[PDB]
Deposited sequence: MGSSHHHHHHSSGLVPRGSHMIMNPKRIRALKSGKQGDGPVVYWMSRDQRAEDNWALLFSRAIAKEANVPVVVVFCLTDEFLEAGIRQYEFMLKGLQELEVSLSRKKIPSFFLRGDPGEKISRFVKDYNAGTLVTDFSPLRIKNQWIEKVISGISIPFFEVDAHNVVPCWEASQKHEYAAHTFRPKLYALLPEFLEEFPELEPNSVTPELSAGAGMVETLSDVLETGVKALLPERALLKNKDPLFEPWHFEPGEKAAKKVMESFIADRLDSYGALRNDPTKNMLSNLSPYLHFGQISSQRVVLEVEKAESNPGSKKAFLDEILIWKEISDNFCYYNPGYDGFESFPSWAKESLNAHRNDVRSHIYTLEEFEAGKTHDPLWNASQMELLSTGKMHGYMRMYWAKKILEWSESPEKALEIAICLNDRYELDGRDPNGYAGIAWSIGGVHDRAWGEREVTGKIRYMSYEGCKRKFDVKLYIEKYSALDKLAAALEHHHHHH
C-alpha cells in the first residue's frame, strides 16, 4: 500500500490484541484501502482484524429511504465479511462513547478509521482520541488521491485543483490487492425498530400510500457493481452528449452507492479508463468522478463551515448582500418548496423526481437550487431550504458533494461571476427558457407532473 494513504491521528503503545477497523464512510468489503491496511498491520502482528460500525441516532434526521438503503447494504456486508473470517460488530450509540469503550472491552491493539471531511466525524475522532491509549490511524479510502495529499489548501476552482490531482494520478491510480481472510481466529432488529420510529414522518400520498419508490436502486455492494457494469456497457458511450438531458436515463446512477461507499470510486475509474468507448464521454465522466467529486472533499475539509454563507467567496458574499432588499418575484416557505407548490412546473417536476425516486437528475439539481435562492426571503434561508431538502430526500445526501454543489449553486463556490441581476447578484443564472432550448422540458414535466397527490 502507498503509505501516503495513511495519517497518524494519535500515537501510543500497540496493544497485543486485534486491529479494529472503525468502518464509517466506506461500507464495502472490496476495494477498501482502509480495510486492506487494517488487515495488513493485523498480519504483521499475527492478530486478527475486526470491523465495528456505529449505528448512530442521526437516522432520525432523514428518511426510511436512506436508512433502509444503508442497513440493507450492511446486512449483505456482514455476510461478505464473514466469508473472509472477518467478524463484524455493530454498536448502537454515539461513537465517542461507544468506539472508545469497545476499544477497552475488546482489548484493541490498533485502531483505524476511514476519512470523511464532515464536521461530525472530526468531533467523534477528537472524542475517541481522548478515551484511548492505543495507536489511532486514518486511511483515505474514498478518494483516488488522498484528500490531504491532493492539495494542502482550499482550491479556488477546478482549473487549479485539476493539474494538482492529475499530477498524482499516475502514482495513486492503481489496482487493489485481494482482501486476505483472517488466518487467526442484531441488524434485522435494528432496522425494524428504527423504521418503526421514522414512520409518522414518512412522505405519503393522499391515500396513505408511500411516496418513495424503492426499486430504482437496489442497495448493496453486489447491486452497485451491476450498476457500474451496466453503465460501462449501456450508458458511458452516450454520457458526454446526454448527461445534461433529464429525459434520458444516461447517468452512471452510481452516486447512492458512492455515498455509502458501497462501491469504490477508484474501481470505477479503473474500469472506465480501460473501457474502449467514446473519448468525449470518458473525459467528461472522469472529470465528474475524479475532479468534481474530490474537490468536494477538498472544500469541506478546508472550510469547516461548508454549510454556511461564510464559506462563499468574497465576491459572492459581497454581491448577494447588495441584493438582500431586492423585491423577490415570489417567496415560498420550506413547506411550499417541499410539496412542489411553486409557479414553475419544471421546478415542481424536479422536486417530484426527488420525492419519489430519491435521486434528482444532475442538471436539474443546479436549476433546483438556484431557483430556491431566487424565490426565498434571503441567501441564508435559501441555503437552509436547499440543504434540508437535499439531505432529507436524496439517497446520496448528507455528503460533501451535496454541500459543495449547493455552495456552487447558491454562493458560486468553485465558479466565477456572471451578469449582475436582481436578487441573485453576479451568481450564475439559469432560466426556464435555457432548459427549453437544451432538452424536451415538457417530457420531464409530463413524467412527474401527476404527483399533485401529496399528503
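ask   = How would you write out the unmodelled ranges of the deposited sequence, numbered from 1?
value = Those parts of the chain that were deposited but carry no coordinates are 1 to 22, 208 to 218, 489 to 498.
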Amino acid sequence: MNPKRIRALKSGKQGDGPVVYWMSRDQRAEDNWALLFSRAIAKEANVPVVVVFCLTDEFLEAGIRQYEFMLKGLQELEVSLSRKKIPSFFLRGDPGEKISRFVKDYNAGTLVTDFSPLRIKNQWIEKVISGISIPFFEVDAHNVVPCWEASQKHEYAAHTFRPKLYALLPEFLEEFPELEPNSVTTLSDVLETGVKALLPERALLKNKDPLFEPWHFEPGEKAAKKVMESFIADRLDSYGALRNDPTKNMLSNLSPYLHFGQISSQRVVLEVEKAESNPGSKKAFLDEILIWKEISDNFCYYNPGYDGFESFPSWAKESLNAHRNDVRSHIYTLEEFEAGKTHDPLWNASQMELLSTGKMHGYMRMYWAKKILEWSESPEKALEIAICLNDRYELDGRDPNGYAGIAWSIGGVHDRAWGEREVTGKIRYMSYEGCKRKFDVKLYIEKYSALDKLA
From here on, numbers count along this sequence of modelled residues.
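query = On average, are the C-alpha B-factors higher in 195 to 203 or in 235 to 243?
reply = Going by the record's values, the stretch with the higher mean is 195 to 203.
Mean C-alpha B-factor comparison - 127 to 135 and 294 to 302, higher one = Mean B over CA atoms: larger for 127 to 135.
request  = Compare the CA B factors listed in the entry for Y367, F309, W148, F102 and report the winner.
outcome  = Of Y367, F309, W148, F102, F102 has the highest C-alpha B-factor.
inquiry  = Looking at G109, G358, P163, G261, which one carries the largest C-alpha B-factor according to the PDB entry?
reply    = It is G109.
request  = Tell me, lowest, middle or highest third: where does the Cα B factor of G362 rank within its chain?
outcome  = Bottom third by C-alpha B-factor.
Chain third (lowest, middle, highest) by recorded CA B-factor, residue given as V184 = It falls in the top third of the chain.
task = Going by the recorded CA B-factors, say which third of the chain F176 sits in, lowest, middle or highest.
result = Bottom third by C-alpha B-factor.
Third of chain Cα B-factors occupied by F59 = According to the entry, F59 has a C-alpha B-factor in the chain's highest third.
task = Divide the modelled residues of the chain into thirds by Cα B-factor and specify which third, lowest, middle or highest, holds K282.
result = Answer is middle: the recorded C-alpha B-factor places it there.
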